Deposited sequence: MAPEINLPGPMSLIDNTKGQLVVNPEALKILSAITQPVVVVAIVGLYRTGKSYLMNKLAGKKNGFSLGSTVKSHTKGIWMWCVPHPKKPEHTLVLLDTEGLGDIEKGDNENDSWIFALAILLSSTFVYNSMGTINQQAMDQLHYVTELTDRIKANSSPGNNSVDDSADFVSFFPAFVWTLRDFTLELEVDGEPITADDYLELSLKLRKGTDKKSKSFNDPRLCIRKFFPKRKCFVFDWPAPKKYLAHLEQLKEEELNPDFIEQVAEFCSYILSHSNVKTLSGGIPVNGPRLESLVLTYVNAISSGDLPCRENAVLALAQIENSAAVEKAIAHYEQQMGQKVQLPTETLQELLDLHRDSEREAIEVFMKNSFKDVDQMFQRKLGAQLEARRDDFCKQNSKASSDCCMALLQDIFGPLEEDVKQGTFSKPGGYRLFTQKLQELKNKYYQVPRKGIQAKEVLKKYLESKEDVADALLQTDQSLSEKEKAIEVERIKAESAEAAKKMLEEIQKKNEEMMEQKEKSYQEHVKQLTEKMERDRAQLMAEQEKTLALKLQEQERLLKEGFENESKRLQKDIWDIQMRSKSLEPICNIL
């Protein structure tokens, strides 16, 4: 598709364009977000086309880094309190921030750039020891100042200078402590302290040989050869050095993830709140973590259905549950981040405990159902024999118990009985104990003492059965407790591993950040301004404090 409005400034309120969000939601690739920012009618659209009243979006396949999408943003109609919001949104959403102005870097150019001086009052890096602005360089985009129709000659004291050199010179501070001297220094300190990279490109008068409404319409033949190269150098750098939009933790931003950031930041502005990186990163965590749970559950559900069949042992079932639980946790860890208070991991753990209960309950009824069919199948012939006096006769109780033992062995010898085999058989026999007693008492071949002895043997036999039944109940409780212990252990094992990997990534980011902080500290001191240099040394120290906690 082509360019379209992403955020519109209608009726003094910043509103998102649902169709633009629709396009982002379909960009599965990581996005390099380059924002061209500047006042109205400064040639911004020309740089947009060469690289390919709100903020407009042009998503295009990245020309030079394959399998990446280039999201070009353009602040339209700057120059209206949302003008500053638009500037701030371009900062938060971009990985490279190209500020575009006409002419040179002078008092007027720095006044037009007053938005950079307001970021401390319009952007929050965190939701809280450390100064908030000290975190901007950890996630701000690369800064590029494009100067159009540049009129100065790049030369100091006879020797040539570069566009980058002109920027460094233009960013040097002037001594004093009065209102003017600070107002002169404030924009330059913001540029030097907020952005991890700074670059500058100048552009001469294009000398357009045809009169057209859009510079894009001119052929290379119809343009100043110098200007052409200054555009080529600019495009080459932006397309080659612009980094993939990333969130703290090395999380590459793509369409849907960028979409979430737009929604969060814009709804914060409309709700009277300040856009906040942390709130936006967590908001995205809520969505992806919620999906991580569902993805882990899905994995678990298919791991079980593939490997579960009435199990011979309860341990067999519990071990398979813990195996699928282990792999399910791996999915959640690999697809989750910023799980505050372990809420989603806990949500997952509870859902997995419940499925264990379900499998155990279904394992029991399945065993019960199966074994109950074997009772009527096997002890059907016996119940019928008794109803018609097959064993109601002298010596009949002896024949009865012997055939009952035969059929009990048949019940034992059937394979694939669940864990309820002994329970269902005991309950059945103990319900048929008055039938056996009748055959005992009516057998005229036994003395009253033998009948009394046989009763006590059956009583003792039932007492032993009740004992072994209790011994099995408790053995299962131990297997249940062990499973509960090991499942909890695996949660701890994988979460600590993730936290170790995440903490390492975070310190690497802090190492890079502080290196840049220190460089601006050395430079600031070498040109005077001991106070400014000290302010960074504290900022560095607070960051070092922050990390040891």
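- Residues 1-7, 60-75, 103-108, 158-161, 343, 584-591 of the deposited sequence have no C-alpha coordinates in the model.
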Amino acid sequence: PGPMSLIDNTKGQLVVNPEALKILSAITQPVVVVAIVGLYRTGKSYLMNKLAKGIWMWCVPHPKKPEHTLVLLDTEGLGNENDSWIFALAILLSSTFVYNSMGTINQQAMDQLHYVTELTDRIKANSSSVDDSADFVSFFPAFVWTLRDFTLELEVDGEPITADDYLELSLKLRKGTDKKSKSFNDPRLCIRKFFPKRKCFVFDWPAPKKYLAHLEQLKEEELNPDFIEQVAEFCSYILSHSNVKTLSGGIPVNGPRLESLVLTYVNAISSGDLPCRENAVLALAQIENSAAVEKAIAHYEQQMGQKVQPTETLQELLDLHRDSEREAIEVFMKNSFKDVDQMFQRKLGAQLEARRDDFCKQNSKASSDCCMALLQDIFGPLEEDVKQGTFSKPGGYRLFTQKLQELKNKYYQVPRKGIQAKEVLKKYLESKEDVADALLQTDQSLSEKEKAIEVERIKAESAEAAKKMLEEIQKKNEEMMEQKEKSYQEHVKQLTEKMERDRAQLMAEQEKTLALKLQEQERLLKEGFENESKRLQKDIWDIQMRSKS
From here on, numbers count along this sequence of modelled residues.
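- With 459-467 and 173-181 compared on mean CA B-factor from the PDB entry, the stretch scoring higher is 173-181.
- For the segment pair 432-440 and 94-102, the entry gives 432-440 the higher mean B-factor, averaged over Cα atoms.
- Each of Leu352, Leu154, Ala213, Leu72 has a CA temperature factor in the record; the biggest one is found at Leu154.
- Between the residues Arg346, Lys307, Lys451, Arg257, it is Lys307 that shows the highest Cα B-factor in the PDB record.
- The PDB entry assigns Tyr237 a C-alpha temperature factor belonging to the middle third of its chain's modelled residues.
- Among the modelled residues of its chain, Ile419 has a C-alpha B-factor that falls in the middle third, as given in the PDB entry.
- Remark: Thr42 belongs to the middle third of its chain, ranked by C-alpha B-factor as recorded.
- In the PDB entry, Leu382 places in the highest third of its chain by CA B-factor.
- Residue-level temperature factors show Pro187 in the highest third of its chain, judged at the C-alpha atom.
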